[PDB]
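Starting off, we have a lone chain in the form deposited in one PDB entry, written out as structure tokens.
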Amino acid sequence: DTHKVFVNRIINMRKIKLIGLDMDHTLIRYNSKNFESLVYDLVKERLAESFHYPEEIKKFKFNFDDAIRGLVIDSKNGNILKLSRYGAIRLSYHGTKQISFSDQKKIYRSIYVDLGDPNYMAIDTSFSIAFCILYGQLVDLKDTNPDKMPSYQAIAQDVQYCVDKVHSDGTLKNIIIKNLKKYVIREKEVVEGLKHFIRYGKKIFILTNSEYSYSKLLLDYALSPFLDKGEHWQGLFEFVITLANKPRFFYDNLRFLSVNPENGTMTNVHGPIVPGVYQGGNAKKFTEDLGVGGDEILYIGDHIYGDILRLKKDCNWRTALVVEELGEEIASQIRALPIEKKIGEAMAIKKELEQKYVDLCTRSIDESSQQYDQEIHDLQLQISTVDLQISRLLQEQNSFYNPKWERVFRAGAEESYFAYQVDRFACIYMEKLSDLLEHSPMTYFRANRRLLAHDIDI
């Protein structure tokens, strides 16, 4: 609404003794439109280079609006669909052309789907958008000459491989590191917030999925500029884990490696870790060595990037999420505020106009028998009129959001699959890290009561 930190589960900032931050996308903000466009290009490129896809793909035009965050795709049928909170298909596309409610139903023999079925891709990653947009064009081309390109599920895997390789390959980090200004966006409020929480005995640490050599470059560029004379960015973090292999870092058991800030060389760890630079590791050992409880640790990330059930049951420490798209969602809803009120009132006028439609319709066969024959036919059109207006209003309201997929947190009336992932995974969430740091490091974040249908409100 009009706040900065949205709460899902209670969390006392006074009890938190350490805060973990995902360097990329959480601690260091990026230009979503550019970063995505870059990955899309690199991947679109590598495909026709190491997989020899048809050259036509080289001429694929990227459109950022072609996809929205939180979409799910099934590599089997080469489809992309917006799922509801319970897996119900709100709207689907095969490639780029929408699928009729009819064809969808006949295809999935149900309005629901089974995310347990690995044939679907429901993981929240920082490259979903690009992936979705590309995969869409990549299936259209496939439908044309299906003999030249692999199968729908094959393409999906290939794209995933490229997206993956380009990330560990070095291709991506290089293009950006040599353009820190087109891709990364800075803000002093972040360095100020960190300093604020530090002044409260709170120890900050970061865990990235990038090499130290590269991390030292981004951090320096994105932080140093805002420090005072004599200060160093490395004095902001008590710990910094590089090539953390984030997903598994939380629930796995991969070993740590002490990193020499100077050379960059490393040596195996033979005891409890201590303030400094490390590589790899796992949350279990980290929490242990620091002599604290998981509930005394809060980690903030940009994308779930994994299975919520295992992440929450196997890790044990508090988790928050920063959702960038939240900026546009809130903005669009505020913009549609007036249109919302209009459908609302138009609705009430249709509700009582219908409430009376039955009152005199039941009476027509509950006490009498044929008397209002023309009476009902009067409200029957008087309702088809107001309902026609509501149709148009709902249409205007759509113009305020992504025309192809509507809003991110909504799957029609109910919340979207992504809205559910956030609710389950993050106890707290906001548009950008800065919002959280803006508050008092000793704030007690409470949640608003849900209130069930059978509950009485006061």
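The first residue of the sequence shown is number 1, and the count goes up from there.
May I ask you to compare 370 to 378 and 128 to 136 by their mean CA B factor in the entry and name the higher one?
The stretch with the larger mean CA B-factor is 370 to 378.
Highest mean C-alpha temperature factor of the two stretches 379 to 387 and 83 to 91, which is it?
The entry gives the higher C-alpha B-factor average to 379 to 387.
So if I compare the CA B-factors in the entry for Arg248, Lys350, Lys195, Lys216, which one is the largest?
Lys350 has the highest C-alpha B-factor of those listed.
Highest Cα temperature factor in the entry, among the options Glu55, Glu431, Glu36, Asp423: which one is it?
The listed residue with the largest C-alpha B-factor is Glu55.
Looking at the entry's B-factor column for C-alpha atoms only, identify whether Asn77 ranks in the lowest, middle or highest third of its chain.
Its C-alpha B-factor, which the entry lists for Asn77, ranks in the middle third among residues of this chain.
Lowest, middle or highest third: which one holds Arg109 when the chain's residues are ordered by CA B-factor from the entry?
Its C-alpha B-factor, which the entry lists for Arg109, ranks in the middle third among residues of this chain.
State the tercile, meaning the lowest, middle or highest third, of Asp295 with respect to the CA B-factors recorded for its chain.
Ranked within chain, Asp295 CA B lands in the middle tercile.
C-alpha B factor of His232, ranked within the chain: lowest, middle or highest third?
For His232, whose C-alpha B-factor we compare with every modelled residue in the chain, the answer is the middle third.
Give the position of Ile365 by CA B-factor within its chain, expressed as the lowest, middle or highest third.
For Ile365, the deposited C-alpha B-factor lands in the highest third.
Absent from the display: the form deposited in another entry. The rest refers to it.
So which of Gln157, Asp295, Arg392, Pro272 is at the hinge, taking the rigid parts that turn between the shown form and the other one?
Of all listed residues, the hinge one is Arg392.
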